Amino acid sequence: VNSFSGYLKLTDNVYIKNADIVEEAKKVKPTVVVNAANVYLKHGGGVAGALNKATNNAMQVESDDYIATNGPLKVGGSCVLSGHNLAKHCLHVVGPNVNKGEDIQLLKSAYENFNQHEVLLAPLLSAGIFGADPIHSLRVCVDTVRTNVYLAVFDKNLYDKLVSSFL
Ligand SMILES: CCc1c[nH]c2ncnc(NC[C@@](C)(O)C(C)C)c12
């Protein structure tokens with residue numbers, strides 16, 4: 001039993017809700033919140049900009065130190081950093097950014113990072129400003145992630161479309 005509330009159950013291990021991941025994380029304080037990161041951990045917009053804003057820019061400060069030490073992530077890769085006031089940990093996961101021309105096959109590799117964590121609060125990878133089809137992102141999520149994932153979808157219209165078209 002966990003503290004996630006109001007989710008619809010899609011499969012044995014995947015759940016979904018129309019919710020702002022920022023407000024959801026502040027309420028649940030999950031062990032792991034997933035950030036829709038880029039390889040430079042420059043949290044400018046989309047989910048990343050919103051999560052970072054909620055940390056009063058502390059996420060960005062931590063991230064800049066991480067990059068200065070380690071260099072950029074790989075597309076499809078991830079790193080675990082602090083969750084600040086939102087979660088115990090933030091798993092920064094880099095899905096491909098279609099608006100940069102990055103291979104969509106890397107979306108599966110990106111979701112594989114979720115399997116290192118027993119429970120996660122997460123956005124759909126590569127959705128929104130990363131330019132991928134969210135219906136496809138949900139399909140890859142369900143077919144790749146084996147751990148318990150709680151997907152927060154900001155747009156109510158998109159949430160309804162995702163539920164109604166799920167196979
Ligand atoms: C600023 C973006 C954002 C803030 N809080 C969020 N929580 C969840 N998802 C988000 N964006 C991705 C998306 C695919 O769900 C959306 C575009 C329908 C956000």
Side-chain angles (χ1 to χ4, degrees), residues 2-11 14-60 63 75-76 78 81-100 102 104 106-111 113-114 117 119-145 147-167:
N2 60 49
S3 168
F4 291 101
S5 175
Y7 288 73
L8 177 71
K9 179 171 179 61
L10 299 178
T11 67
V14 180
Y15 298 81
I16 194 166
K17 182 181 182 176
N18 176 218
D20 179 357
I21 192 171
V22 167
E23 283 311 300
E24 184 77 4
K26 279 193 291 187
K27 153 179 123 56
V28 177
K29 284 294 229 87
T31 305
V32 180
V33 68
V34 174
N35 185 32
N38 58 52
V39 297
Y40 307 108
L41 303 180
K42 286 172 60 95
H43 308 301
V47 171
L51 292 172
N52 177 58
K53 178 175 174 187
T55 76
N56 183 43
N57 210 51
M59 177 180 285
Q60 191 64 67
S63 294
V75 179
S78 71
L81 290 173
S82 180
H84 301 275
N85 51 318
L86 304 177
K88 189 173 191 299
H89 304 105
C90 179
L91 181 69
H92 295 272
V93 180
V94 184
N97 189 327
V98 173
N99 309 314
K100 298 179 180 177
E102 291 166 348
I104 195 68
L106 291 168
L107 188 54
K108 189 174 183 73
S109 300
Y111 273 117
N113 294 286
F114 288 26
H117 304 276
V119 180
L120 314 89
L121 170 62
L124 284 168
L125 295 182
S126 301
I129 68 178
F130 281 61
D133 173 10
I135 298 181
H136 177 67
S137 182
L138 176 56
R139 188 73 257 167
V140 179
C141 180
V142 163
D143 293 341
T144 304
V145 181
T147 55
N148 293 144
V149 56
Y150 289 84
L151 293 169
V153 174
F154 178 64
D155 188 71
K156 170 57 173 174
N157 283 326
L158 177 59
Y159 169 81
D160 291 345
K161 182 195 191 121
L162 284 167
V163 167
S164 290
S165 60
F166 183 73
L167 227 196

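Residues: numbered from 1 along the sequence shown. Note: hydrogens, waters and symmetry copies are ignored here, and every other heavy atom, side chains too, is used. Counting starts at 1 for both ligands and their atoms, following the listed order.
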* To do: Could you see which bit of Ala50 sits under 4.0 Å from ligand 1, with heavy atoms only: side chain, backbone, both or neither?
  => side chain

* atom 16 (C) of ligand 1: the protein heavy-atom neighbour that sits closest, reported with distance to 0.1 Å -> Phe154 CB, 4.4 Å

* Structure fact -> the protein heavy atom lying closest to atom 17 (C) of ligand 1 turns out to be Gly128 CA, 3.7 Å

* Asked: Do the side chain of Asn97 and the main chain of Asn99 share a donor and acceptor less than 3.5 angstrom apart?
  -> yes

* Asked: When you measure from atom 5 (N) of ligand 1 to every protein heavy atom, which one gives the shortest distance, and what is it?
  -> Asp20 OD1, 3.1 Å

* Have a look at ligand 1 and work out which part of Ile21, if any, has a heavy atom under 4.0 Å from it: side chain, backbone, both or neither. => both

* To do: If the plane angle is over 60° it's perpendicular, under 30° parallel, otherwise tilted; pick one for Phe4 and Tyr150.
  => parallel

* To do: Measure the distances from the heavy atoms of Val22 to every atom of ligand 1 and state whether one is below 4.0 angstrom.
  => no

* Structure fact -> Ranked by distance from atom 9 (N) of ligand 1, the top protein heavy atom is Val47 CG2, 3.5 Å

* Hey, does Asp155 come in under 3.5 Å of ligand 1, counting only N/O atoms on both sides? -> no

* Asked: Going by heavy atoms, is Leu124 under 4.0 Å from ligand 1?
  -> no

* Taking the side chain from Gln60 and the backbone from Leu41, do they hold a donor-acceptor pair closer than 3.5 Å? -> yes

* To do: Answer yes or no: does atom CZ of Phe154 have more than 12 heavy-atom neighbours from other residues, nucleotides or ligands under 6.0 Å?
  => no

* Distance-only, no hydrogens or angles: does the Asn113 side chain make a donor-acceptor pair with backbone N or O of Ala110 under 3.5 Å? -> yes

* To do: Run the contact test for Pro134 against ligand 1 with a 4.0 Å cut-off on heavy atoms, strictly below, and give the result.
  => no

* Asked: Counting heavy atoms not belonging to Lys88, are there more than 12 under 6.0 Å from its NZ?
  -> no

* To do: Keeping the roles fixed (side chain from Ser126, backbone from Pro96), state whether a donor-acceptor pair exists under 3.5 Å.
  => yes

* Contact check, side chains of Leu121 and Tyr15, non-hydrogen atoms, under 4.5 Å -> no

* Of the listed options (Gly46, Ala127, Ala122), which comes nearest to atom 14 (C) of ligand 1 when hydrogens are ignored and any heavy atom counts? -> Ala127

* Sub-4.5 Å side-chain heavy-atom contact between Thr31 and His117 -> no

* Asked: Which protein non-hydrogen atom lies closest to atom 8 (C) of ligand 1, naming both residue and atom, and how far is it?
  -> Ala152 O, 3.4 Å

* Asked: Nearest protein heavy-atom contact for atom 18 (C) of ligand 1: which residue, which atom, what distance?
  -> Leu158 CD2, 3.3 Å

